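Here we start with a single chain on its own, the form deposited in one PDB entry, put down as structure tokens.
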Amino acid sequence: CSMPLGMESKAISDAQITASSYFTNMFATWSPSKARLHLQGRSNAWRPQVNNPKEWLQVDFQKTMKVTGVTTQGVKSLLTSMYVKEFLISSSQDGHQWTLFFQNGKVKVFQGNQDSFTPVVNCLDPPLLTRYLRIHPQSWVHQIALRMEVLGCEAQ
């Protein structure tokens, strides 16, 4: 139970990925649906309108899944690298009643990326059964930029 759930393959459609906000610029759109592992092209990553700790990227599996981990990746423009260094994870069954992922009694601060191309895998112990998943960028270099994948398997 550690297979990609569909971010890179698109088994998870564009409509299923949303965010608190996303950055748009001349001839460019860093929309939520761009947050797919190893994606290439212009504006190939989700970026919030403004970088702050209250932004989030959301994935709706449209069904209950067993999530055993997440894979994060940064992004590089022509020369500058952008990536999330630390992030939190929250989950929900209805998309409104959210619970942060805790570890040993406290909210878990996951260690993310340190460059723009290396994928970093973070396992979830214990795993979670949820329909919705959110990534909360806490720290970053230059810009909050994300390309990701979710690891797990069917609940049934």
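Numbering starts at 1 and follows the sequence shown.
Another form exists, deposited with a small molecule bound; not displayed. Remarks below refer to it.
In the deposited complex, no heavy atom of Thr24 sits within 4.5 Å of the small molecule.
Among heavy atoms of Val141, some come within 4.5 Å of the small molecule in the deposited complex. Contact annotation: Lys85 falls within 4.5 Å of the small molecule in the deposited complex, judged by heavy atom distances.
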